[PDB]
Amino acid sequence: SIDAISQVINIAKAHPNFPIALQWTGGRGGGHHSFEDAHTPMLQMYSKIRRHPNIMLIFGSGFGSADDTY
Amino acid sequence: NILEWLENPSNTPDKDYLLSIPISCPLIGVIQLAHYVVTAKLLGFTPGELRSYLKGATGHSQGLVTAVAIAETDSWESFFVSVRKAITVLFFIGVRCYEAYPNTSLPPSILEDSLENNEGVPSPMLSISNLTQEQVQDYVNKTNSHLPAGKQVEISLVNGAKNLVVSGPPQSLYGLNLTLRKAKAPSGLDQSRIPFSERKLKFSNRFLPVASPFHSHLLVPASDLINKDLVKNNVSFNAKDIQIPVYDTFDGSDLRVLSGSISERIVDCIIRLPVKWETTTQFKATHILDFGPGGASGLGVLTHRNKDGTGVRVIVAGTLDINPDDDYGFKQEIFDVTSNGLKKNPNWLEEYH
Amino acid sequence: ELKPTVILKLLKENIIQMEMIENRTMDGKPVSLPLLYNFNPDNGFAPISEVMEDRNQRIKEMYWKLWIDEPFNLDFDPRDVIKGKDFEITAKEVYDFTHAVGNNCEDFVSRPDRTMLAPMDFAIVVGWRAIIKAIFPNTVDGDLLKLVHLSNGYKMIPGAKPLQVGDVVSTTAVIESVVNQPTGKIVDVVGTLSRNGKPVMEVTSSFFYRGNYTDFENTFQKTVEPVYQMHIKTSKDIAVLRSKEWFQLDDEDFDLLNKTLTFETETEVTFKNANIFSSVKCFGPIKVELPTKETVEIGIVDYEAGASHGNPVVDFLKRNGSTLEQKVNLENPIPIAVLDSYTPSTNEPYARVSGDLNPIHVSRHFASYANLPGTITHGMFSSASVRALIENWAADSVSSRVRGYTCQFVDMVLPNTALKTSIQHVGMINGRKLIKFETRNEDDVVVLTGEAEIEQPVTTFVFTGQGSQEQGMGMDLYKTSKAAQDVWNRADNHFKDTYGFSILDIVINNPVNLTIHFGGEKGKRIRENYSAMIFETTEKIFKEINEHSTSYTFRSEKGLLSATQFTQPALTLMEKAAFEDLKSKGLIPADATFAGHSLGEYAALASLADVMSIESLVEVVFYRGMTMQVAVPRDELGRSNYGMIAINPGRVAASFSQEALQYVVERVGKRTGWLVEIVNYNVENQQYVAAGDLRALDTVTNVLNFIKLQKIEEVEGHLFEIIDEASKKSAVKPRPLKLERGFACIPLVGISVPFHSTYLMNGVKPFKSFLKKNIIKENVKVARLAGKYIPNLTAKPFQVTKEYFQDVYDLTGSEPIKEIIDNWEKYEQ
Amino acid sequence: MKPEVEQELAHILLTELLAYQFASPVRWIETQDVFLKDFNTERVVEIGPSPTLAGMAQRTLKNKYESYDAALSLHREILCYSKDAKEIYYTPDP
Ligand SMILES: Cc1cc2nc3c(=O)[nH]c(=O)nc-3n(C[C@H](O)[C@H](O)[C@H](O)COP(=O)(O)O)c2cc1C
């Protein structure tokens, strides 16, 4: 969720040199899932994330090929 | 008596009298022109030089008058001509729009209710956040269905995707606020265990610190009086004298290209037509200078918010301060001779291509 | 600009003239006040002496040039009526006045699709020339430079609209009284503002000429006395009254015993000297209270005397009667707000808008000559400013709600001073709130006090119908309120004397059985009253009572209070008692609209229109419930086959509209032939009531149950399938069957008659005749009903018009109506 | 019309309205509409032992006038004599 993303950003800020892989997933994924939409949290927090070069943004929860991930 | 208020801070009128438009409009224009003059002088430029360094100019509502005046300036010995033009336009707009729709007393029950529900002191303009224009217009339509034609409200400023201002009589906006209060969810309410589609909308609303319903039907009768006064005072803007493009606030088009009277169009934009900031700011640029009022709570920061991630830098040209996130500049950036003067914002598509 | 204000020279060889000039006049030309002095060199210690002769005349001539635009003439009678010039209210004048006094209400501001109103304070600018001319006459002589305004007030005339731009107003002024008090001469003036011939509002102003006056031959007074109420108990009181020459009854044989009298008099006196009247005259109407609490005139007071030391009429009335006060104070005052205000730095703008060009407010030299603390602010500006405060806060910025406003000018006020106004709600008068206020200057010195009369918000009264009674209904109010006590005691005494039971006993104890005994003459009379009751529709109610009956017994199971004949009068009495308590507290708005749900119409019509007295009201309510009891067929067990059911269409189906319910009921009462219909429409799509045979409610309840349980010319035919299915499934049960429920249908308890249904259409005209005997022709006042009463039959405000008369036909036909409608032209002329 | 004729007609219509009342249905929907919309009634005072018509008025308000009241800023009050005595009598608690 948004709060979880903020906590990830704080972790990445406390260690600006260590690489942190932010693995974002929406509630649409299999297994234990959340209630969150897959896009609105990213539209909300993409700028905050990118202000930290040590964070790598990974998108998941609903992909199966190159056509829908492109 | 501006100079007396400036030299004697005690003889200055109260805040409400300073906020009335016959005072406010000229003085906001004067503040903008003073910031422009300071920026030009500290850089060693004549106003014409500083203008030539610009690719274009525009203004949010009232600032459109200052922008056109700036676009005409050539030399320090003739800057007061454009200063007089701008200040006269603002003076007459303020006077005629105050005579068209003066403010009156609000029932104390309404103010008590607004204050109790953590809403602002009611005024002729209500800003709404986190809702789309479509949504806000549905609410405005339902509220207007009951009111008579002369008490109608309407969307005056489209400041962004989810940032709108509705202008109208203060009591009609209070009724609209009641309707909205019957359609909001508390900020504290946690909806983390509610599926996304079923969550209730959290959206803000507040009254702006203004004293006139700008860009509204209420002020239309002031248009002819303002245009007659500007003619009687020999104030006009000729496309041959504007040296940089000035963008219209209703359709973002170059005012020079327009065939009719430019002053008439500017007045119409300020008093009648709504402002679409994004349509007006669709120009291309790397830097935007904000000479307006309000410091970091003004037009520049709003524009930055609307244009984040596109590699555009906004500098608040009227305030010296340090920004922690450093996502927009302050007055120091304009004059810094070292590399710190040139700071570019991130363009994601290029940075992470 | 620099202008001459004082010129000093020798007018004569011995006369020093000090001409004082005023430059702010009504036409721009300076007006000078020549003050003359004698120079006597022989008196070295005091060579200068003022010329006192004609001094007041000179001062008044100056003030006449400044205030009155007419030829200077002091020779007119103070007893005459003063007539002012016609005043046309324009937007410019209202704007200037509101900006001069600082009134920011939106009613007085030009706005689209709305007419601009003028503030109540504009009455003074409209009628100043008429009011101030009252203190000029030669007989009322005084130094206008020592004049003090003591108070001012406005009083809207009931039923009059506020002033508004575009109105032509005429003003009229009369001197109410002029009395020589030891410390000066008080002059009381009353101004009347008229619009389109009708009067709009009245202005009162009290003026004070400070000085020593002894010309009592020029003085007169007029006071309207308090209303005095006297209750005539014994023949001794009648003898005392008849001994008074002034107690003159129109009908000398009028029976005053056990009557309440009110005296509404006025005293007009002239003075021979400070303590003795040269003439006293007291006069006014005497009226007697009627059983509907209405007063009608039955005689006059009149008294005339020469030299006297007092008024005997009012002395007697005070000693023997009670004073009726229209103002009633709340338990404790309710604080509204404490507000801050400021006097302007200059009095010139208010002077120029109001026309009050008195030099003491604008000229330093004139104010100094008047021994004033400075260039004082107009007291009228302060009154207007405080009234604007009150209008905004006490009336919530609704101009029209301010109907009365009075101010007392206690101390002077100077320009550029901060004022402190405290407003509070203290009492009520005739449905209006009493607002006291007090204004203190910075030294905490009171400078202005007064009262305001503000209307309450637009109010409606709705009276509950049957179904809410309980043991002890209204008994606490009966313990506390005197009006409630009077209402219940009059009803109880009447029931005890006529039918041999007390309604209060039933309300308090809820007996299961009540026997009435017919022993003795009184008992025989009560038996007669019982036997005379009929249900023409001519069955006799109480068919067992006859000339050999010694007693009768009302019976029930849980309590007689839940029996129609006793239930309706108790509810009516409780509601009337509550409303009379509200009336005694000055709490009922004069324009309030009212309605009543079922039995409520009667309480409401009695409470707000006083169409019938308490004794008449309970009889009609008692008879109404008695006819209901014998309006349905009952077996030996008193269990009829009729009932009522409460339906909630939104509960059987979210898309089932009242036209869908009306469809089912009409079809369920059509394909089956039984009597059933909707009797009450209470809440749209949430509450309805149907009445009919208890059997036909079960089929409806079941039919809706089928509609709810399932998802439900063809539609009419399909429903006929449903109606038949349930029709027989309940007809099998015995006649006194049992109604159960649906998910949305809940029968009522204790209801057996289908009232508010077409079933009781035969026994209506006889009931109409019964009412005509009890609601009298003269007791109906149409002002009390027109536009305010909303009948359950025709749910439209009561209007005596051809459209209304035609309307009643449409629902239910009526032979008298078609006569009125057809002959509506005869009645018009 | 002369006042006496008007009184006569008013009495006739009143007595007729009352006679026919127990036979006709109680049109309370239209009455509530009339005094809630055509009068803009700000105070509704219910005289009776229980808050029945007051609850009915509140339910009518919550179903037909939520938007109208808010748009016109009408802050209606519904009072029953049995429970809202303090507001009716203006005797606020100390
Ligand atoms: C069968 C299955 C098991 C999973 N187990 C785990 C797990 O043990 N821990 C975890 O963090 N996420 C787990 N996930 C979530 C995925 O690793 C990943 O976050 C995302 O939900 C995959 O989305 P997709 O199923 O739409 O591709 C699981 C998902 C599935 C379908």
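Sequence lines set the chain letters: A, B, ... in the order given, protein chains first and strands last, and positions in each chain run from 1. Computed over heavy atoms, backbone and side chain alike; hydrogens, waters and symmetry mates excluded. Read the numbers this way: they start at 1 and go in the same order the structure lists the ligands and their atoms.
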Heavy-atom pair with the smallest gap, counting every atom of C:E684 and D:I29 | N-CD1, 3.1 Å
Identify the protein atoms, limited to N or O, that lie within less than 3.5 Å of an N or O atom of ligand 1, and list each pair with its distance to 0.1 Å.
unit_1	atom_1	unit_2	atom_2	d
ligand 1	21 (O)	A:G30	O	3.4
ligand 1	25 (O)	A:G30	N	3.1
ligand 1	26 (O)	A:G62	N	2.8

Any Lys/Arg nitrogen of A:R51 or B:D327 sitting under 4.0 Å from an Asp/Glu carboxylate oxygen of the other?
-> no
Smallest heavy-atom separation, B:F214 atom then B:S156 atom, equals O-CB, 3.7 Å
For the pair B:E119 and B:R181, find out whether any cationic side-chain nitrogen is under 4.0 Å from an anionic carboxylate oxygen.
-> yes
Decide if atom CZ of B:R305 counts as having more than 12 heavy atoms of other residues, nucleotides or ligands within a radius under 6.0 Å.
-> no
Taking the six-membered ring of B:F283 (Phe, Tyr or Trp), confirm whether the NZ or CZ of B:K55 is under 6.0 Å from its centre and within 45° of its axis.
-> no
